[PDB]
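Chemist:
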Amino acid sequence: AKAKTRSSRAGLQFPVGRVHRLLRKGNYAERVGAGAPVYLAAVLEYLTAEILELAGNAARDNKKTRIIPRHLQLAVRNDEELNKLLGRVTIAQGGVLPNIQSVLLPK
Amino acid sequence: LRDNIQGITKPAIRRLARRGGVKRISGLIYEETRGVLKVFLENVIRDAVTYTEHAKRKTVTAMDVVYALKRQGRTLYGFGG
Amino acid sequence: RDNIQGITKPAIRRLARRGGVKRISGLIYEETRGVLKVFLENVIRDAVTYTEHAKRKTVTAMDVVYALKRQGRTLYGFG
Amino acid sequence: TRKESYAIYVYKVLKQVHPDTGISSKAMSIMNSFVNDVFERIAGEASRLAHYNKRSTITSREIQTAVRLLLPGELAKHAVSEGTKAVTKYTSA
Amino acid sequence: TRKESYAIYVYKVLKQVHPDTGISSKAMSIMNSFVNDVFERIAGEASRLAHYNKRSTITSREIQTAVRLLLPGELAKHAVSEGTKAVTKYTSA
Amino acid sequence: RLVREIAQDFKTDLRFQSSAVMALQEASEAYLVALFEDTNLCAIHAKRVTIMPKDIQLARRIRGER
Amino acid sequence: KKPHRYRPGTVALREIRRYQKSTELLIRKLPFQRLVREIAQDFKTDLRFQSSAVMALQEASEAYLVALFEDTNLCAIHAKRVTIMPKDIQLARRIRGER
DNA sequence: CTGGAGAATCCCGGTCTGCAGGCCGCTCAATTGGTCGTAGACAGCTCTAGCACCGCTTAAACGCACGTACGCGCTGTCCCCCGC
DNA sequence: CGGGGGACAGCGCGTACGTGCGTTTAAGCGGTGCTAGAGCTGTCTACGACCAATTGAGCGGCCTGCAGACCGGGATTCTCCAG
Numbered sequence: 012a013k014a015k016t017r018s019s020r021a022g023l024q025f026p027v028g029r030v031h032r033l034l035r036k037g038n039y040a041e042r043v044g045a046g047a048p049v050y051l052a053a054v055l056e057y058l059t060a061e062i063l064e065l066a067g068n069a070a071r072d073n074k075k076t077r078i079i080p081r082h083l084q085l086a087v088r089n090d091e092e093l094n095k096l097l098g099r100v101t102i103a104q105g106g107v108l109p110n111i112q113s114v115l116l117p118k
Numbered sequence: 022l023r024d025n026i027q028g029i030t031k032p033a034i035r036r037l038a039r040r041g042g043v044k045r046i047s048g049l050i051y052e053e054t055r056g057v058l059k060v061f062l063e064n065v066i067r068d069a070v071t072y073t074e075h076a077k078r079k080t081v082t083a084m085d086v087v088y089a090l091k092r093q094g095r096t097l098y099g100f101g102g
Numbered sequence: 023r024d025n026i027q028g029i030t031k032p033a034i035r036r037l038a039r040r041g042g043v044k045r046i047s048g049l050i051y052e053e054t055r056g057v058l059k060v061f062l063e064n065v066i067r068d069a070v071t072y073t074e075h076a077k078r079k080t081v082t083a084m085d086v087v088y089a090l091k092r093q094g095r096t097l098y099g100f101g
Numbered sequence: 029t030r031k032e033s034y035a036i037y038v039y040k041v042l043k044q045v046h047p048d049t050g051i052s053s054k055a056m057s058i059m060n061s062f063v064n065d066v067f068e069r070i071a072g073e074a075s076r077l078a079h080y081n082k083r084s085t086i087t088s089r090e091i092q093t094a095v096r097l098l099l100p101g102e103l104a105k106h107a108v109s110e111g112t113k114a115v116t117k118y119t120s121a
Numbered sequence: 029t030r031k032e033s034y035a036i037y038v039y040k041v042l043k044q045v046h047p048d049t050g051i052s053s054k055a056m057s058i059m060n061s062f063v064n065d066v067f068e069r070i071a072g073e074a075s076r077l078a079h080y081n082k083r084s085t086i087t088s089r090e091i092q093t094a095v096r097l098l099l100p101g102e103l104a105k106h107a108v109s110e111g112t113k114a115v116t117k118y119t120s121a
Numbered sequence: 069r070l071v072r073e074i075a076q077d078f079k080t081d082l083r084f085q086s087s088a089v090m091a092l093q094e095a096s097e098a099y100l101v102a103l104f105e106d107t108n109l110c111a112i113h114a115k116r117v118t119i120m121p122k123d124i125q126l127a128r129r130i131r132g133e134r
Numbered sequence: 036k037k038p039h040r041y042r043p044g045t046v047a048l049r050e051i052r053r054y055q056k057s058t059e060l061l062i063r064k065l066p067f068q069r070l071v072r073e074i075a076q077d078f079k080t081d082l083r084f085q086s087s088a089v090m091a092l093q094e095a096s097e098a099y100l101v102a103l104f105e106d107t108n109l110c111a112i113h114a115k116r117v118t119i120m121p122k123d124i125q126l127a128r129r130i131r132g133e134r
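Chains as they are written, first to last, in the entry's author numbering: chain I, 12 to 118; chain L, 22 to 102; chain H, 23 to 101; chain J, 29 to 121; chain N, 29 to 121; chain G, 69 to 134; chain K, 36 to 134.
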């Protein structure tokens, strides 16, 4: 029969075959299970969808049609759980959250 | 290459602090900032050069800098991955 | 059921003293209770995760060791 | 020579969720690096899990356990749901 | 069954440095934990280095680089000296 | 008892090795002592000898826990 | 016939707003490269550098400095002050674990 | 309170341009099918420790009285950092 | 370089702390008892490694029109002050 990609078999956008190859080549274990690459690809796809959705929301809020590192940083930092996950990550050209302490406000 | 740490001018540190949310700044801060930055740069560059030498290379790549930053618990995205 | 109140103020005072604290406000104790509770959840969740993945019903010290290690808090003297 | 990345799949997902949104090259590389980092985290945790249990295989159960350990709360739950759904679909088909 | 450790070797080292000092069980348990921690750190860093240069073999050069990266200053220098001397002695022997 | 009570919102009927409990106590006490010392430094920086919970909050915030 | 000068601090707030929205580097590139090469001189001579590397160091250093400044601001405010003192930086670095 | 004044910022056309994204040829990595070896899934056995209980004992926690020093508010001074 | 406003020193206070004594409690210890469950063992079977052949998905190279950047000039807002 004709070749059918495992990504299509599981209905995912990410390359399950490449994931399995990387798993085998990463010296992570002697043998790699059949469904583990599928699980990992699904998880990566879901996380990518989450971050991309938030970044697109931010970019539309800024009224631009392309996502730039600034939008990525805003999306990551504004989300509690994403910021928790990427707590130790530096985003190039990400800028900072526009936060100002109240005591320095002019009174 | 001597006396380059003075290259980080006071307005530069001022801008850095303003991005850091600092409103009023003491005058005896800048040299302390320069010393801390020198320490950080030395710590990173040591490991970067170690990586470059282990590869028997003569130029330092950004990817070496990526590994050095990762080993120090400061992960940076957008420079090769 | 209020085992968080099992952490009496003498124990908190002793820990502060070992920490080199001389004068303690009265509002401190509940703050310590809360922070300790948060720490305990963070560790115990991972410990139970490890216990379950091993398909076991009894939590072992090695599970706690792994949980602490993956949180950046390495512990010796237990394996 | 030729270098591979996750660019095409990221673009596919972007068009899936935001079909009318573009992306710059630098941001694209940022997502590539992010995916690589997550891959390494999950793989290393799974390897440690396998070694702790004296096992020769990295199965989907280990992947799920690593996901639970490395993800915060709702992210972990949704990712577990997605992985289980994808595994079930692949197994059925 | 039987579980291996580093108790005998640590005991011999202690008798070399302090031929009269005893030790408690908790202390040597901490000793074994520390030894395992250092072993894993160095081995993981060496594996990372080997994968970095696209090589299938871990040599003493990789360990030297890993030690230089993990140990601070004088400890690193002295450990490099010890490793080099031991390697040269073993090869000559 | 506190540890066992906490170990109920993840799973029920959890048995415990004693060594796990004592290791938990050791780690918790060490973390608390370190936090106390940081709090002491924070309060001293405010020209005080008495610690109040805002010192703990600032210490945990700078530590990155917050 | 007045100079029409702004009060002390409002300009600082305005530039804080300005620099908390931008993302570009705040340090001159040439002095930073010169300092980086000077520091690297002490580890190995005749060392060449990719430009992407120097940009990587600049980005990482500026991010770390911004984080340290933010922590120092909190430390100084804890002292009920408005101006940053070096003791605040020392305390912040000590608490972080760098000291 | 409250208009003016001046400076700072926003916004809307108008113009240019580098790269985002699409198209294309090719090739090597994914796929399919079949083999074979062996890891672990599973059932079964043992016996360790973890759980529960009970009775003493006594050190520790608790409550409370009491007193003082310290955190905090307030005020005046000056110097030093900011706006230019 | 002018100058204001922030840092800081000094003082009053009252109260929220520390300190000590009488009291109640529950932690700790030792003992007995039970079994759930960790741990170990034999089996085999299904699952993963491995290899040969196929091929098309993805990577490389090219090109382009438009998103976005960059001007400029009014429009609008924010702040300061004198009244």
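Heads up, the beta-carbon is just placed ideally off N, CA and C, and yes, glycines get one too.
(1) Listing by chain order, which chain G residues have their CB less than 7 Å from the CB of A76/H?
(2) Below 8 Å, can you find three or more Cβ-Cβ pairs linking the segment 92-109 of chain K to the segment 37-46 of chain L?
(3) Kindly say whether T93/J, judged by its beta-carbon, lies nearer than 8 Å to any beta-carbon of chain H.
(4) Is it true that the CB of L98/N sits closer than 8 Å to the CB of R69/N?
(5) What residue from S47/L, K77/L, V81/L and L62/L has the CA that sits closest to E97/K's CA?
(6) Hey, could you find the ends of the beta strand (DSSP E) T96/L is sitting in?
(7) Mind listing the chain H neighbours of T80/G? Cutoff is C-beta to C-beta under 8 Å, in chain order.
(8) Quick one: measure Cβ to Cβ for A107/J and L58/I, integer angstroms, because I've assumed they're closer than 8 Å.
(9) Give me the Cα-Cα distance between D68/L and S87/K, rounded to the nearest whole angstrom.
(10) Establish whether the CB of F67/N and some CB of chain H are separated by less than 8 Å.
(11) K54/J touches chain I at which residues, Cβ-Cβ below 8 Å?
(12) Is it true that the CB of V81/H sits closer than 8 Å to the CB of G101/H?
(13) What would DSSP say about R116/K, mapped onto helix, strand or coil?
(14) Could you tell me which residues DSSP pairs with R83/G in its beta bridges?
(15) Report the rounded CA-to-CA distance for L108/I versus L37/L, giving the unit in angstroms.
(16) Run down chain L in chain order and give the residues with a C-beta less than 7 Å from the C-beta of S61/J.
(17) Roughly how many angstroms lie between the CA atoms of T119/J and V54/I, to the nearest whole one?
(18) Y51/L and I26/L - do their beta-carbons sit closer together than 8 Å?
(19) Please report how far the alpha carbon of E133/G lies from the alpha carbon of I86/J, in whole angstroms.
(20) Consult DSSP for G67/I and reduce its assignment to one of helix, strand or coil.
(21) Which residues in chain L have a C-beta closer than 9 Å to the C-beta of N110/I? List them in chain order.
(22) Could you check whether the segment 34-45 of chain N touches the segment 75-91 of chain I, counting it as contact only if at least three pairs of C-beta atoms, one from each stretch, sit closer than 8 Å?
(23) Comparing alpha-carbon positions, which option in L100/K, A95/K, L48/K and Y99/K lies nearest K118/I?
(24) Rounded to whole angstroms, how far is the Cβ of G99/L from the Cβ of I102/I, which I believe are closer than 8 Å?
(25) CB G50/J to CB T16/I, shorter than 8 Å?
(26) Report back the beta-carbon spacing between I66/H and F78/G to the nearest angstrom; my notes put them in contact at under 8 Å.
(27) Among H113/K, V101/K, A111/K and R72/K, which has the Cα closest to the Cα of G28/L?
(28) Indicate the three-state DSSP secondary structure (helix, strand or coil) for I130/K in the structure shown.
(29) Using a beta-carbon distance below 8 Å, is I124/K in contact with chain G?
(30) Go ahead and label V66/N buried or exposed: buried means 16 or more other beta carbons lie within 10 angstroms of its beta carbon, across all protein chains shown.
(31) Less than 8 Å between the beta carbons of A52/I and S19/I, yes or no?
(32) Which residues in the same chain as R128/G place their Cβ atom closer than 6 Å to its Cβ, once the five residues preceding and following it in sequence are excluded?
(33) Label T54/H either buried or exposed according to how many other C-beta atoms from any shown protein chain fall within 10 Å of its C-beta, with 16 as the threshold for buried.
(34) Of all the options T73/L, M84/L, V57/L and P32/L, which has the alpha carbon lying nearest to the alpha carbon of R63/K?
Modeler: Quick answer:
(1) Indexing the third sequence from 1 puts residue 76/H at position 54. Those within 7 Å of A76/H in chain G number zero; the least Cβ separation is about 13 Å.
(2) yes
(3) Here residue 93/J corresponds to residue number 65 of the fourth sequence, with the count starting at 1. Using beta-carbon distances, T93/J counts as an interface residue toward chain H, with a partner under 8 Å.
(4) Numbered from its first residue, the fifth sequence carries residue 69/N at position 41. Numbered from its first residue, the fifth sequence carries residue 98/N at position 70. Contact: yes.
(5) Numbered from 1 along the seventh sequence, position 62 holds the residue referred to as residue 97/K. For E97/K, the closest C-alpha among the options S47/L, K77/L, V81/L and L62/L is that of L62/L.
(6) Position 75 of the second sequence holds residue 96/L. Where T96/L is concerned, the enclosing beta strand (DSSP E) stretches over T96 to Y98.
(7) As a first step, residue 80/G must be located in the sixth sequence, where it is residue number 12. Those do not exist, as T80/G stays about 10 Å from chain H at its closest Cβ, beyond 8 Å.
(8) For the purposes of this step, residue 107/J is taken as the residue at position 79 of the fourth sequence. For the purposes of this step, residue 58/I is taken as the residue at position 47 of the first sequence. Yes, they are in contact, since the Cβ atoms of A107/J and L58/I sit about 7 Å apart, within 8 Å.
(9) The residue given as residue 68/L occupies position 47 in the second sequence. The residue given as residue 87/K occupies position 52 in the seventh sequence. The straight-line gap separating the alpha-carbon atoms of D68/L and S87/K is approximately 17 Å.
(10) Taking the first residue of the fifth sequence as position 1, residue 67/N is located at position 39. Not an interface residue.
(11) As a working note, residue 54/J is residue 26 in the fourth sequence. Taking a Cβ-Cβ threshold of 8 Å, the residues of chain I close to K54/J are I79, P80, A103 and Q104, in chain order.
(12) If you number the third sequence from 1, residue 101/H lands on position 79. If you number the third sequence from 1, residue 81/H lands on position 59. At least 8 Å separates the beta-carbon of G101/H from that of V81/H.
(13) Reading the seventh sequence from its first residue, position 81 is the one you call residue 116/K. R116/K: coil per DSSP, three-state reduction.
(14) Here residue 83/G refers to the residue found at position 15 when the sixth sequence is read from its first residue. Note: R83/G sits in a beta bridge opposite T80/H.
(15) For the purposes of this step, residue 108/I is taken as residue 97 along the first sequence, with counting starting at 1. For the purposes of this step, residue 37/L is taken as residue 16 along the second sequence, with counting starting at 1. Cα to Cα, the separation comes out at about 14 Å.
(16) Against the fourth sequence, residue 61/J aligns to sequence position 33. Those within 7 Å of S61/J in chain L are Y98, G99 and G102.
(17) For the purposes of this step, residue 119/J is taken as residue 91 along the fourth sequence, with counting starting at 1. For the purposes of this step, residue 54/I is taken as residue 43 along the first sequence, with counting starting at 1. Cα-Cα distance, rounded: 17 Å.
(18) Here residue 26/L refers to the residue found at position 5 of the second sequence. Here residue 51/L refers to the residue found at position 30 of the second sequence. No.
(19) Within the sixth sequence, residue 133/G is the residue found at index 65, counting from 1. Within the fourth sequence, residue 86/J is the residue found at index 58, counting from 1. Distance between the alpha carbons of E133/G and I86/J is about 32 Å.
(20) Position 56 of the first sequence holds residue 67/I. The answer is helix: DSSP assigns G67/I an H, G or I state.
(21) Locating residue 110/I in the first sequence gives position 99, counting from the first residue. Near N110/I (Cβ distances below 9 Å), the residues of chain L are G42.
(22) no
(23) In the first sequence, the residue the question calls residue 118/I occupies position 107. Comparing Cα positions, the closest option is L48/K.
(24) Within the second sequence, numbered from 1, the residue matching residue 99/L stands at position 78. Within the first sequence, numbered from 1, the residue matching residue 102/I stands at position 91. Rounded, the Cβ-Cβ distance is 7 Å, consistent with contact.
(25) Here residue 50/J is taken as the residue at index 22 of the fourth sequence, counted from 1. Here residue 16/I is taken as the residue at index 5 of the first sequence, counted from 1. For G50/J and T16/I, no; Cβs fall outside 8 Å.
(26) Translated into the one-based positions of the third sequence, residue 66/H becomes position 44. Translated into the one-based positions of the sixth sequence, residue 78/G becomes position 10. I66/H to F78/G, Cβ: 7 Å. Contact.
(27) Counting from one through the second sequence, the residue named residue 28/L turns up at place 7. Comparing Cα positions, the closest option is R72/K.
(28) Counted from its first residue, the seventh sequence places residue 130/K at position 95. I130/K falls in the helix class under three-state DSSP.
(29) In the seventh sequence, the residue the question calls residue 124/K occupies position 89. Answer no: the Cβ-Cβ gap between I124/K and chain G never drops below 8 Å.
(30) Against the fifth sequence, residue 66/N aligns to sequence position 38. Under the 10 Å beta carbon count, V66/N is surrounded by fewer than 16 other beta carbons and is classified as exposed.
(31) By 1-based counting over the first sequence, the position of residue 52/I is 41. By 1-based counting over the first sequence, the position of residue 19/I is 8. Their beta carbons are not under 8 Å apart, which means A52/I does not touch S19/I by this criterion.
(32) Here residue 128/G corresponds to residue number 60 of the sixth sequence, with the count starting at 1. These residues qualify, in order along the chain: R134.
(33) On the third sequence, position 32 is the one that residue 54/H refers to. That one is buried.
(34) As a position in the seventh sequence, residue 63/K is number 28, starting the count at 1. Of the listed residues, the one whose Cα sits closest to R63/K is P32/L.
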